Amino acid sequence: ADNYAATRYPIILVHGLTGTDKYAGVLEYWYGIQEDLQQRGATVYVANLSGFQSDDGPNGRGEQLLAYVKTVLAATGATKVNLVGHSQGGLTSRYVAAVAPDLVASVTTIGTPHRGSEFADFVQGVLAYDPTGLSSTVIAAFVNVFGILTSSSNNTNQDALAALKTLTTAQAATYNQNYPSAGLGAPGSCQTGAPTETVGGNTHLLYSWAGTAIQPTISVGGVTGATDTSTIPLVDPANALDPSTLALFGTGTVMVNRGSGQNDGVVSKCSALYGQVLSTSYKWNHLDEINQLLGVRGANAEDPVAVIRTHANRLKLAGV
Ligand SMILES: [Ca+2]
């Protein structure tokens, strides 16, 4: 133990879709990461928001996170926080930075679909092929109940259809018009923006990274095949001991066949770009980014716990 990860402002880790601080009160979303950061001197809190909701709206994830930030400030005596968001949690973090800029010192996004996900477009599109619309109603009920059951607090504020819509590429483009950011490049650019923003006189340091395990590697007869670069081909024990490895290769294959390019299974490199882009070269699928499942990663995957820890030190050296 030391103070390598000690920052001026408390860190709040912000989960994305499906999430909660602890699934069924047993499985940490941010697997082993709060513990590691705290061992290295960080003051770290883990948000518990609706697993299924929009980020805007009076009962959206953004207002939930705002309320939580205020409780963390009251508990610590601090005046600002460092927000670190995974996936949709990066969009939630952007919301709080926009609406309460005085309460935020930095925003870091990990595998965040700032431009939406082609996989959400796919799923939403699939639902349109039920001319009765019953598929949407039934599956929404199923997923909403999953949210209530797995939420550590059995949060009943779950809206699976709104969550899915939120993550589509068309809706994300609208979100970016409603919640513009100096850290974002132009729509369609596959570029980032500035490394900082000043909003109402409050400067925020902006950062991101992306996983790109899923690479398009062959095109035959109009069909694109991918390679999971996180793994030793086929034989990697991560394919056996973490069911998300092959699942994300599967969804990543859908992604590349919708023109996504390199991706983590559900978020493309281009969609993930925000602020100071620290790396898009990690050989990670989407769950590797949060040390999941249960710390299992392919042999070629960098250690995500060390990456996050090093970033806490980066924040410390940057003055936040
Ligand atoms: Ca994994």
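Observations
- Linear extension gain, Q177 paired with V235, 0.36 nm per residue minus alpha-carbon span: 16.4 nm
- The 3J(HN,Hα) values that the Karplus relation (6.51, -1.76, 1.60; θ = phi - 60°) gives for the range 138-153 are, in residue order, 5, 6, 4, 4, 4, 5, 4, 5, 3, x, 5, 5, 8, 3, 4, 10 Hz. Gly and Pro appear as x.
- Near the amide H of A105, within less than 5 Å, lie the amide hydrogens of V81, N82, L83, all on another chain or at least 5 residues away, with H placed in the peptide plane.
- Sequence-distant residues sharing a close amide H with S152 (under 5 Å, placed H): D21, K22, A24, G25
- HN-Hα J in Hz across the range 236-252 - Karplus 6.51, -1.76, 1.60, θ = phi - 60°, x for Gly and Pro: 4, x, 4, 5, 8, 9, 9, x, 6, 5, 6, 4, 6, 5, x, 5, x
- Remark: relative contact order (the range 78-123) = 44 percent; criterion is Cα-Cα distance under 8 angstrom and separation of 6 or more residues.
- From helices alone, the chain scores -11000 deg cm²/dmol at 222 nm; the rule is -39500 (n - 2.57) for each run of n ≥ 4 DSSP H residues, then divide by the residue total.
Computed from the coordinates by the stated procedures, all read-outs in this text should not be read as laboratory data.
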